[PDB]
Structure formats: structure tokens, C-alpha cells
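J.:
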Ligand SMILES: CCCCCCCCCCCCC/C=C/[C@H](O)[C@H](N)CO
Ligand SMILES: CCCCCCCCCCCCC/C=C/[C@H](O)[C@H](N)CO
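Residue numbers (this note's numbering), protein chains in the order written: chain A, 806 to 1076; chain B, 806 to 1076; chain C, 693 to 938; chain D, -12 to 24; chain E, -12 to 24; chain F, 37 to 275; chain G, 232 to 279.
#1: Three or more beta-carbon pairs under 8 Å between the stretch 175 to 185 of chain F and the stretch 224 to 241 of chain F, yes or no?
#2: Run the CB neighbour count on residue 141 of chain F, radius 10 Å, all protein chains shown included, and call it buried at 16 or more, exposed below.
#3: Would you kindly work out how many angstroms separate the C-alpha atoms of residue 851 of chain A and residue 828 of chain A, rounded to a whole number?
#4: Suppose contacts are defined by Cβ-Cβ distances below 8 Å. Is residue 957 of chain A in contact with residue 927 of chain A by that definition?
#5: Can you give me the Cβ contacts of residue 903 of chain A inside the same chain, cut-off strictly under 6 Å, excluding the 5 residues immediately before and after it?
#6: Considering only C-alpha positions, which residue in the set F/82, F/43 and F/60 is nearest to residue 1040 of chain B?
#7: Would you say residue 246 of chain F touches ligand 2, meaning its beta carbon is less than 7 Å from a heavy atom?
#8: Count the other CB atoms, across all protein chains shown, that sit within 10 Å of the CB of residue 892 of chain B; report buried if there are 16 or more and exposed otherwise.
#9: Does the beta carbon of residue 74 of chain F fall short of 7 Å from some heavy atom of ligand 2?
#10: List the residues of chain E that residue 263 of chain G touches, going by C-beta distances under 8 Å, in chain order.
#11: Are there any heavy atoms of ligand 1 lying less than 7 Å away from the beta-carbon of residue 1011 of chain A, as far as the coordinates show?
#12: According to the Cβ coordinates, are residue 838 of chain C and residue 767 of chain C closer than 8 Å?
#13: Does residue 23 of chain D get closer than 8 Å to chain F when you measure Cβ to Cβ?
#14: Taking the beta strand (DSSP E) that residue 912 of chain B belongs to, which residues open and close that run?
#15: Note the first and the last residue of the continuous beta strand (DSSP E) segment covering residue 153 of chain F.
#16: Using 10 angstroms around the beta-carbon of residue 1032 of chain B, count the other beta-carbons present and answer buried if the total reaches 16, otherwise exposed.
#17: For residue 1025 of chain B, which residues does DSSP report across the bridge?
#18: So the candidates are A/900, A/933 and A/839; which of them puts its Cα closest to the Cα of residue 872 of chain A?
#19: Under the DSSP definition of a beta bridge, which residues are partnered with residue 196 of chain F?
#20: Rounded to whole angstroms, what's the CA-CA distance from residue 808 of chain A to residue 42 of chain F? Just pull it up for me.
#21: Is residue 774 of chain C closer than 8 Å to residue 742 of chain C when the C-beta atoms are compared?
#22: Buried or exposed for residue 52 of chain F, please, with buried defined as at least 16 other CB atoms from any protein chain shown within 10 angstroms of its CB.
#23: Identify every run of the alpha helix (DSSP H) within the stretch 1035 to 1072 of chain A, keeping only runs that are complete inside it and at least 4 residues long; order them along the chain.
#24: By a C-beta neighbour count over all protein chains shown, 10 Å radius and 16 as the cutoff for buried, is residue 897 of chain C buried or exposed?
#25: Among the candidates C/733, C/894, C/881 and C/798, whose CA atom is the shortest distance from the CA of residue 911 of chain C?
#26: Mind listing which residues of the stretch 255 to 269 of chain F have their C-beta closer than 9 Å to chain B's C-betas, in chain order?
#27: Excluding five sequence neighbours on each side, which residues of the same chain lie with their C-beta closer than 7 Å to the C-beta of residue 783 of chain C?
#28: Closest to residue 881 of chain C by C-alpha separation, out of C/810, C/901 and C/770, would be which residue?
#29: Consider the Cβ of residue 233 of chain G: report whether some Cβ of chain F lies at a distance smaller than 8 Å.
#30: For ligand 3, is there a heavy atom less than 7 Å away from the beta-carbon of residue 970 of chain B?
#31: Excluding five sequence neighbours on each side, which residues of the same chain lie with their C-beta closer than 6 Å to the C-beta of residue 813 of chain A?
#32: In the DSSP assignment, find the alpha helix (DSSP H) that holds residue 866 of chain B and state where it starts and stops.
#33: Going along the chain, which residues of its own chain have a beta-carbon closer than 6 Å to the beta-carbon of residue 948 of chain A, five neighbours each way excluded?
#34: I believe residue 92 of chain F touches residue 104 of chain F by the beta-carbon criterion, under 8 Å. Please report the beta-carbon distance rounded to the nearest angstrom.
#35: When you compare only the Cα positions, how much space is there between residue 831 of chain B and residue 835 of chain C?
#36: Report the rounded CA-to-CA distance for residue 850 of chain C versus residue 708 of chain C, giving the unit in angstroms.
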């Protein structure tokens, strides 16, 4: 059944049991079910009214923090593109890969800095290119006319830009693990370069340029932070314990497998 | 009849037909009417409640995006004029020429940049000159006193200027295609330079200067973006498939006519 | 009860025994101008009999290597009868039309004709010239053909840079020589102004275009005539002054 | 939809009728019936 | 919870059910009773 | 005054933003509107109009004869006549139409399609045809018994000869991106083929070759979303 | 307009802040949700 909760659970007073047939201690872990032995049936306990707040452990409060999704280099080609995938950095990727399916909105923030670090009063255009839209081929091409694409003009001396992005998938949810092939036909035995590529997660390209007709002489890094909101999760799975190697693939190392618990002297010494 | 719609159409269950006289498949395209054969009379189908939103395909949502209408060069004469016509660029002109008549408001935006690209803290005056009003003849003439013309003072370090323009035509709608002559009399056979010029679309001049008494030494480009709003359309027509050659005329090339479908190997090979 | 038809207007009639349905352009019937949309002060005239009847233009030849024909309809009836006289003497004009196109053939011929109207059908000038003060523009007899019509040069782009495949968005019919021998299209007054002059401005234009060429076997009649009979339904004229031709 | 100006064109902004483009014919044709007799 | 936009995804943002992860068994097992007979 | 803070998004000019602007002409009232026939309210009204498909877009083809599918008498039975892909946002016969040029302004389309075949030929020439739509999977079928396993319609040449094959919505996902090729072969819609049921019979003194006009349109299930740009227009300098 | 003053905290991008942002796609409606078994609501369901 579904139960609500404003705080954690309370405890009721308990006494000593002296009788046969009533065994709350013997469980069965072979049945695939968690043990349910509570405190009131194990040890003599007192009554407490536990008013500790459990509100900040939900999915919304756990995921609604701006992490880091992507750094885009513009060491000025005149423009810089960036395929939108949130698996570049291993800080938010782990939290996202704690679950199998997620459906959420996004809130991008763009923090742009210079070579050493600075804010020169120039102009920057960020443009979103959906899958199929023409990607700009130059710093003054016509793809920057953005008659239908969402674009953002901001200065380096402005506060960091911020937009809100809806759920833009053709499926009903984003899946971080896809057990299958996007295409058909005969698949090779040597190198499956398309195994585990969900086409419902490719969202497009993010381009950035400096609005000019000449060529401004500066190199700059633009950082894209995402804050998830209105998030829903499905099918939780374990958290990764091995170091990451690739972006779109869960590759690990065959040799040199890191243990998930550090070594001690012996099993009979808890120190 | 007029029908409302919150989403797309639904489908009802269908069974097999075995009878004569009821033929929903044979149409008559000679009658100038579109076929009306639906799915429920063609193949056995199931029932679905289609809740896909059709809201973002209307005229208002299709035209209310800021495109590009005109770039004005001020490579400082001291001032720069620009005849107001939205047929300069082939991105918004195509969407506007999808229809015969359109009645709408405008929302101009002025984005001004420097030679390479910059924002020097100077002052700029944009002035609208209606048909008949005196056009400025210098950078310090009296036409810039704007006792009755709408003018805008903005700095280069300010956000881009924005105004809202009403329906300023003497007719009831803007027509993008005009089959006739504005004047009377004998018309020539050699060169009709006035064929297809609707006088109800000439709206005036847009002038721009730098507010000064000396001569500031900078060259600058000002871009005029238009966002249509409160738009109504009449008499839809096909979309142009040939490249554009002129602004006020639908000229194309006699030789080298581009086909509207790329070539393949044969008609019997769909690949 | 669907293929035989008769249309009587004024003192003229048109009978047909095989035909398609009667099309009505944009679902609107041509009627007189109301007192809300009107702006001119002087009272218009309404002959309603002498000007609302069937005027027949000359016949165009239907051969194997044809390209098409186009007319400007408020300009074809400027020399014919009381309608032409009223359109010359008066200054403002408003009416709807009804266009019938007859092209009959036997049961051994084959072909296809696309007959459609285009409101504000602008003729383009063929030639690659991007300079505005030198580009080639069409002549007066190309823009306003008159009661003798004008043939196309590139029916693939409608002589306007617009593909004729998408010309089915307009009010249109098909003359298929095995289904019907004629086509009919009733058109209201489509314009952004209530009254307009019928001399230097043509509202729309018909276009008959051979999509599937005319083919037959040896022995059959070769030259297939094409006739168009039109009717200015609900005519209104205004601003009577001296007569001008063009 | 709040407006801060005297003029209504400075403000901020489901009807369909395909039967005038798809079937603009005088005599209405049915679905299951043949178009021409 | 005030929103200034037409779209609801641009706005600003206690259910628990552990019995589908802890004890997802068909035959319900009691607390004081032994799990298997 | 009131205390306030400025947030990210300040001093930006968003293109597709919905915001008011200060007027220029005070106390203005425009010209009164009149009634003009043929007012459109959405773009789905233009997508349900038939429009000639360019199925004969191959080489060695003239200007207009690209719009016709040739049909003639055969000698071997079961022969194939024509074939084309269904994707409207893909280069081919669905590019000369009107639903293909409107669904190229939008990224994701949905709904069922409709293809109307009209027979331009002699009145004494008869015959039959089998139009078969095949969902994704293998390539174009090689036989007619392979094509009959899909979704087909048998259409004979008679007094009407204006058949209309519906193309139902058979997809896994709700929508399909209007970008195909390579890694986007996951959004293909199938193949529409045209075979010969019996033959194109014809009496003497009658031409032995006629044409089919194929037209394409959408249905009431049609839906479009995510406005993008088209790739038919190109411009180097201002006109 | 209205008189106003700006306070400390202006022009800062707080990471864990709860604030609205301007949308990019106007009039958007996402794909309809379906029922997927095993929806989690808090992290205390995984700890037991
Ligand atoms: C330039 C201003 C607007 C910027 C628009 C960018 C937003 C479009 C992308 C939406 C991002 C959705 C969240 C991530 C999607 C998928 O899960 C990732 N590909 C994960 O691999
Ligand atoms: C300087 C600040 C105010 C600027 C005022 C400029 C607005 C006046 C022009 C109105 C533009 C109406 C939209 C376009 C009109 C016609 O359709 C074009 N000439 C198309 O050829």
C-alpha cells in the first residue's frame, strides 16, 4: 500500500517475550524479500516520537542542483559546436546512471570565461541546432539568421545566461542504458560500434560564436551547467564502482579491477 | 462547417466489409476535390485516443519568430537610410510569400555592431520617415529635430532597442503579389519597370545617425529583426522552388531551371 | 443527376452531358458589396442582365507539343460588349466570375489538362540578372494578353518560379479525356480592397496546362479545339467619367 | 495578457476549416458512395 | 508557485512505497510467523 | 522604490520570446478590415490538399514529364511498375509536393498519409494495378507475392479510376524526425510500390502507353512539431 | 516605472537555488507519459 510520511517512523514500548511459535528473528533470504524484523520484536525498547524531517531525500531535492554538463572551447574557425550529451563528466553521470529511466526538464546556465579569466565587453550568440537543422559552416554564414532556432545573445560582462528546456524526447522517458541496436541487418562479431546507442537520447547540437564581421582575437571557454527539475525516475539500479573510460559506453578495465572495499589486516579484527 | 480541435483526430474500431455498392476507395480527382478515404474504411484498424497537440502549427505560432529583415551599413555622409522592404533576405521572404494577403503587426529589434565587433559607448538615433516626410540631408540637419516623427535614442552598450509597429497600410491587407500597374496610360512592350509594384506596401524610410556635432570615426552595421504578431493570412499559394534573383520581382532563370526533386537511378528502384 | 448539367446566366446557357462537379472557389458565393465594407460615396450601377452573361473567347488549338495558355480575366473582357463599355467608362469594378472550359474528345484519345485560377497571378521575367536597373521585365502583351491569350515558356514553374505540382492549392479541375469533356470553376471577388479598377489591375488568371500529352492513333481527328466561356456574376461599376481604353 | 499601454497593438498574443480547400465542390459527395453516377 | 509564462515547464517546483522493492513476493509473509512452513 | 534583484537572462534578446514592446504611433487605429475569401488559420489545412508527386524524378527526363508514371502493355506477368519511399522529409517524390515542403519547416511529424492515383489514358484501355505499402524491415520487395504480404490495394481501371491508397501510422514511437539517412534509418516509414495485377489490355486503333498521376496529402491524424529551418533556399549576398 | 533598489545577492548564480527560467520552445507539449513499473519517489526506498 501507499503511505504518506511527514517525518520518520516512531517507536512503541515493548516488553519481554516468553512463548513458543512466535519467532520474528528467523527470516528467509532465499525468497528474494528483505527482512522485516523491527525493533519492537528484537530488544526491549522505549517510546519516542521521531520528528526528524525526511523531506530532502526525494528525487526532486536530490536532482535539482546545478552540476556541470559540458565545457565548450572557443580558442579563436570562428565558432564552436558541442554535441549535447550529459555523460561527459563523471559527477552528474553517476547520479543519472543510478536509475534506468528518467523524465525531467532542464535549466541550462552558460558561464563564459577568457584565457586567464576575464569579462571583455563583447557579444556572444548561443544557438541550438535540432537534429536535422543545418549546422553553421562559418562565422558569418546564413545559419546564424536563426529565423526558427532558439538563440541567445549575451555579453561577457552580463550575468550568466539561463534558459529552461522541456522534455524533448520522442519516447516517453530518457533511458541511460539501451540493450539493443538502432539499425537492422547483419551485425559484426569484431567491433560493434553501435551497441548501446539509444536514438531517443540524441537531442542535437549547441553552437556558439562571437557576433562580428571581423575576427576578434580572444580564446574563451563556455561552461554549460544543468539543473534537473520536475524529475521522475524508474527502475533503480546499482551505482558504478569502476572508473569511467568512455562517454557513450560503460567500458571498464579487464585487468586492474578496483575492489569496492579497502583492505584490512584480517577478518577477525574490526579495527 | 467550422470545427474546433484540442488535439488530432481519433480512430474508431473497424471490421471487414463484404458487400457491393459501398466503395470508399474509388474517388474522382477530376472534380477538383481532395480524396476523403479514411482509415476506418480502408484497413481493419483499432481504437486510439490521440492526444497529440496540434497547437503550435497555427499562423500565429508559425510567424511569431524574429527573423532578419534588413542590415543597414554605416561605414562612417554621416547618416544611413534604408527603404523598408522585408524582401531583402530569402529566409522570411519565403514564409511571407507562402500567402497572398497578410495583415499583421510588427516588432522591430535593432542590433548594432562595430567593424570587427564591439560596443563603444556612443549614441545612436534611429528615425522613421513616413512617405512624404523630408529625408535628412546631413548629419546635423533640421530633419533630425523629430518634432513629429518617432525616434529612438540608444547606446551601443545598451540592450538592443525594440518597438511595436501597427498595421500602417492604407488598404485592408498587405499583398505580396500585385497583378497590375500603379499608374495609367500607355505601357511599354520592352521594359515594364513598374509591373507588380503595389503602392500600398511602400511604408517609408528608416534613417540612422550618430548623435554628434563632430564626426565620430567608426563604421557600424545595424541589423533590423522583425517578429510578426497578431497575424492573419488569406489565399495561400505554393512555396517558391527557384532561387531568388531580385527583391521586388519574382525573377528566375530561363536556362538552368532547378528540379524540385533530386535524381535517382530509375523509377523502379525506390532506394 | 451528377454528370448532365445546365447553367443559364442572363440570356445565355451552357449544357453538358459528361462533366465533373461544379467547383466553388474557397466555399464563398459571389454577392454584392455590403454597406460595411464599402467606402466610395457615389452610388454604383448594376445592369445585372447585359453584363452578367456568357462571353465566349476564341478557340485555342490542342496539339501534341503544346505548353499551356494563360489569361488575365478582368482584362480579357475590356473590348467585348456592354461589360467592356462599362469597364471603360467607369473607374471602380467588382464582380465574381464563372469559368467553363470545353475540350471534348473521342473514346480513343488520351491526355490531361489542369485548369486553375491564381489570384494576383504575377508574370516573371526570365533571365539571370541581379542588377535591378537592367533585369528583363515582361512586355505589356505578356502581362495582359487579352481576349487572345498567351502561351507559356516554362509550364514547370508557371512562368513565375513556382512549381505547378503545388498548383493544386488553388481552385482547380482536371479535364481528363476519358472522364469529362469540360471543367467549371465559380470564383468570388478575391481582393484586399472593396472596389478596384478593371483596366490596370487583373484580379486572377486561368491556366490550362497539358500535364499528360494528347496521344491518339493514325486516322483519328488530329486538331483538338479548346474553348473557354466565362460569366461575370454580380457585376458592379462605379465612378463614371470619360472613356479610357488603357 | 496584461497590457501597460493605451494602444492594443503593443500587447502580447483552435479554429480549423479544411472543407473550403479539400472539398470546395457544389454538390456534396459522400464517403461510401461513388463520386459520379 | 507563481508563473510568468504560457508554458508550464518554465515554472518552479511525500509519497513512499517501499513494499515493491523490499517484499515483492506473491504470498505475503507475516512478521511474527516463520517465512516457510 | 521597491527592492529587486536581476537574474540570469537579463539584457538578452531571445528570438522566439513572447514579450510586449513600446509603441511608436500613439492613439493609432488601423484601416478597417474587409472580408477576403479563403482565410487560413493553421498549416494543417494546407497539408490535406492533394499535390502531384514527382515519382519520375530520374535522369533522361524532360521538365514536366517528371510528374507522370508510364504504364504500358507487358509480356511477362507480375511485373513491377514503380516504387518510392514514404518519408516526406526525405529527398525524392515527396519533395515536389506541399506536405513535404511544410513538414520541412517542422522537425517531427506524425499521422497517416494518403496517395491518390489517377489514370490518364484512353477510355477503351482497361487494366488493374496493385499498390502496396510495406513497413520498415527489408529492402524493396523483389516479387509481387512478397508485396502482397504488406498493406495493399487492388485498383482496376473503370469509370472512376481515381483510387486512393491510405498509408496508416505504423510506428514504434509517437513521432518521427524529418531527417533520414545513415544513423537516422530508425525513422524510415516504408516503401510504396506499384505492380501489375493482370495487365494493361487495349483494343486496336488505341495508343498502347498511358500515364498515372500520383498525388500525396496528409490525413486528420497529421501532427507537426519543433519548428526548424528548410534547406531549399541559399543566399550569398543581399538581393 | 516603479522605484526599486538592488540588494546584495544581485547577479549571482547560486547552484542550489530555486528560480524560474525563460523557456526556449513556445507552446510546447511533451510526449505523453506511459506506465513504467518501478517508479521511485525518494532515496529511502533504496536504503531498505
Ligand atoms: C541556446 C539556448 C537553448 C539551448 C537548448 C539546448 C537544450 C536541448 C537539449 C535538451 C537536453 C535534454 C537533457 C539531455 C538529453 C539526453 O539525456 C542526453 N543526450 C544524455 O545522453
Ligand atoms: C525607428 C523606430 C520606429 C521604426 C518604425 C518602422 C516601422 C514602419 C514600417 C512598418 C513595416 C510594416 C511591415 C512591412 C511592410 C511591407 O509589407 C513591406 N514593404 C514589404 O514589401
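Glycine is no exception: its CB is placed at the ideal position from the N, C-alpha and C atoms.
T.: A quick look at the data gives this:
#1: Judged by Cβ distances under 8 Å, the stretch 175 to 185 of chain F makes contact with the stretch 224 to 241 of chain F, as three or more pairs qualify.
#2: By the beta-carbon neighbour count (other beta carbons within 10 angstroms, threshold 16), residue 141 of chain F is buried.
#3: Here the alpha carbon of residue 851 of chain A sits roughly 21 Å from the alpha carbon of residue 828 of chain A.
#4: Not closer than 8 Å, so no.
#5: Taken in chain order, the residues that qualify are 1044.
#6: Per the Cα distances, F/82.
#7: Flag unset: Cβ of residue 246 of chain F not near ligand 2.
#8: Per the 10 Å Cβ criterion, buried.
#9: No.
#10: For residue 263 of chain G, there are no C-beta contacts with chain E under 8 Å, since the nearest C-beta of that chain is about 15 Å from it.
#11: Yes, since a heavy atom of ligand 1 falls inside the 7 Å radius drawn around the Cβ of residue 1011 of chain A.
#12: Note that the C-beta distance between residue 838 of chain C and residue 767 of chain C is below 8 Å.
#13: A Cβ of chain F is located within less than 8 Å of the beta carbon of residue 23 of chain D.
#14: Its beta strand (DSSP E) spans residues 904 to 919.
#15: 149 to 156 is the extent of the beta strand (DSSP E) around residue 153 of chain F.
#16: So residue 1032 of chain B counts as buried.
#17: Beta-bridge partners assigned by DSSP to residue 1025 of chain B: B/879 and B/919.
#18: Of the candidates A/900, A/933 and A/839, the residue whose Cα lies closest to the Cα of residue 872 of chain A is A/900.
#19: In the DSSP output, where bridge partners are listed per residue, residue 196 of chain F has none listed.
#20: Computed Cα separation, rounded: 42 Å.
#21: Their beta carbons are under 8 Å apart, which means residue 742 of chain C touches residue 774 of chain C by this criterion.
#22: The residue is buried, with at least 16 neighbouring Cβ atoms inside 10 Å.
#23: Within the stretch 1035 to 1072 of chain A, no alpha helix (DSSP H) run of at least 4 residues lies entirely inside it.
#24: Residue burial is scored here from C-beta neighbours: residue 897 of chain C has at least 16 other C-beta atoms within 10 angstroms and is therefore classed as buried.
#25: Nearest neighbour of residue 911 of chain C by Cα position, chosen from C/733, C/894, C/881 and C/798, turns out to be C/798.
#26: Near chain B, meaning a CB-to-CB distance below 9 Å, the residues of the stretch 255 to 269 of chain F are 255, 256, 257, 258, 259, 260, 261, 262, 263, 265, 266, 268 and 269.
#27: Close CB contacts of residue 783 of chain C within its chain, under the 7 Å cut and outside five residues either way in sequence, are with 889, 930, 931 and 933 (chain order).
#28: The shortest C-alpha to C-alpha distance from residue 881 of chain C to any of C/810, C/901 and C/770 is the one to C/810.
#29: Contact with chain F is found for residue 233 of chain G, since one of that chain's Cβ atoms lies less than 8 Å from the residue's Cβ.
#30: The model depicted lacks ligand 3 and carries ligand 1 and ligand 2 instead.
#31: The residues are 855, 857 and 859.
#32: Per DSSP, residue 866 of chain B is one residue of the alpha helix (DSSP H) stretching across 864 to 868.
#33: Sequence-distant Cβ neighbours of residue 948 of chain A in its own chain, meaning closer than 6 Å and more than five residues away, are 939 and 941.
#34: At roughly 6 Å, the Cβ-Cβ gap stays under 8 Å, so residue 92 of chain F and residue 104 of chain F are in contact.
#35: Cα atoms of residue 831 of chain B and residue 835 of chain C: separation of roughly 41 Å, rounded to the nearest angstrom.
#36: Going by the C-alpha atoms only, they are around 30 Å apart.
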